[PDB]
Structures are given as C-alpha cells and as structure tokens.
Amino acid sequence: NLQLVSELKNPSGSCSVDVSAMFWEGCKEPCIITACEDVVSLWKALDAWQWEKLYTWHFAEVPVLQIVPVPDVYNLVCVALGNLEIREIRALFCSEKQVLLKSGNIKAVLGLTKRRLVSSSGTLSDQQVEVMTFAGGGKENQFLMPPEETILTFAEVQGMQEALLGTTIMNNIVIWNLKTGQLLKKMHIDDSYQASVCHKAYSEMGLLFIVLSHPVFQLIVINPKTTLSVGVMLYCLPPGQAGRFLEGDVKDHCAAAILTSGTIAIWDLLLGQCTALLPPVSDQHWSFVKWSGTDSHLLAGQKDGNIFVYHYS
C-alpha cells in the first residue's frame, strides 16, 4: 500500500503538467523534475521529506506539454512543447541551457533504452518515424519504416531487445526491429475495445503481453507469429468505486490511474487486484501521476502544483 513519504510544493504561478524522477549527475543521485507550462525545474532531496530546487529552465511562447524520460541518460532532461499537439522536443541541461531536438508536426514520442529517443510525425504516406541517439548531443537519426497509419503511442517491449511497439489510429499494433529499422508486423486488435494507448508491453514465451487503457486497464495477449489475439485480462475497480480511467502510468508490474473520480487507483498487474485507492488531498483532484524511475515511489501531482510522493510496498 501507499505511504506518504515526502512532498514538494511548487507555487510556480504556472499550471503544473507533469513530473518525473530521474538520476542526475559526478554521481548518480535521485532527483525530481517538475514541469509547468512555462518552467521546468530540477529538485534534490533537502532532507527526509523536503525538496529543494537546483536548476530551472524557462519557456516563452510555446508551453511545456510533458516531460520525456530517456532511460540511461543522467545529464539532461527532455521535454515536449506544444499547446495540445507537440511542436518541439528540447533537451535541457547545464548553468542551464537548452537545445532544440526536433520541430514539426509531432504525433508521438518515447525515450528508449541506451540513450535513444523515438518520435513520429505526419499521418499517412507522409508519416516519418525516427529514432535519435545522444552521446550527449544530436548524434544519429535512424528512420524506421512507417506503417502509414498515424502512430498514437510507442512502447519498448520488455523482455527483448531491439523491439519497438506502436499503436495506430487504425486500432493496429505495429512492431519494428530497432536495429534494422524494419517494420516486422502489423496486427489488428479487435475493433474495440479498443486502445489506442499502450502503457506497457511484454514479451514472454513467444507471446506479447500488452497493457491498454479503457475496467480501467486491459491486458491483451497476442501471438505475434499468427497475429491473432489469444486472450484478454481485466483490471477493474473494487466492489464500490465510482470513476472511469482518465490517465495513468505503468512501471514494471504496477499500474496507476487517475479516475474521473479524482481518486487515483493502483493495481498489481500480475494478480489483477486493486491494491490501493488514494483520494485527493483536500478538494484538489489529482492532476497527474507517474511512477518514479529511480525508486519505489508513486508521484501524485496537483495543478497547484504540489507534488505528493508515496512509498509503494
């Protein structure tokens, strides 16, 4: 269950949109990144419960939309800017400075293992899919074969290397080989439900395990060789619990969701049970949720923008 362990108030006079936890740098140390529309800050632990701001980066014109975590990168922070759709992706680093990484009609973006960042733009025959690498500066850009169906989300497949998954506007799932750039397979998912947003994908025994969001989450099991979907697991709110899925995050085998309620709900994905509820503190509905990438914590944020950090065990 959930133990409130620390917290972060960020009276930034700007709407808070996202948070994430990463290791920074001459030594790995767990930090928290907060993003508001017009400012992004890096924070370190002041003591057992308090956080202090170490760096800040400012954005005028186009508002910050999300943080984009990149596994195995500790010397910069990537963010996506845009009012609704993504227009730019920037890298923030230190004395604070920033670099424009990509610019245009961006539809989807995902940080990948080993310092890569994948993104896609356009919609059809115009679609491009690109994976860049950081050393770290703009080093390589490999195109991937586009499915010419708008990509809605990426997910790196846990349990293999070099497999990348996408979902498309067509309710299709695509798999690429990250090494060759090849599009290996396209597979339609029952025309609903339906999703659209893949939170996590796993490979085990030649089967694909795919977590989507609606029943608050769905696990679809697909045989990649036949293309056929082989079963489906449901994650549902307990006996009495109002609320529909609104957004969420999955780390390893845990899933968190912000419900239309305003409550956050948690599942262990192995077992399928809702392992905790977390009502809004005060009257402030939870605005975003993210698992910590450095440790065993759940980050829950309000537009306020106060962040509450819980210990999961």
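The numbering used is simple: start at 1 and walk along the sequence shown.
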How many residues that are in the deposited sequence but not in the model lie between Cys94 and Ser95: none, 1 to 3, 4 to 9, or 10 or more? 4 to 9
Gap size between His214 and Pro215, counting deposited residues with no coordinates: none, 1 to 3, 4 to 9, or 10 or more? 10 or more
In the PDB record, does 120 to 128 or 219 to 227 carry the higher mean Cα temperature factor? 120 to 128
Mean CA B-factor: is it higher for 233 to 241 or for 138 to 146? 233 to 241
Identify, among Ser41, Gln50, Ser282, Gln66, the residue whose C-alpha carries the highest B-factor in the deposited PDB entry. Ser282
For the C-alpha B-factor as written in the entry, point me to the maximum among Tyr193, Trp176, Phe209, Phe154. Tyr193
Is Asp295 in the lowest, middle or highest third of its chain when residues are ranked by C-alpha B-factor? middle
When the deposited Cα B-factors of this chain's modelled residues are ordered and cut into thirds, is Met187 in the lowest, the middle or the highest one? middle
Chain third (lowest, middle, highest) by recorded CA B-factor, residue given as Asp72: highest
Within this chain's modelled residues, let me know which third the CA B factor of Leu4 belongs to: lowest, middle or highest. middle
Thinking about Cα B factors across the chain, which third does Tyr310 belong to? middle
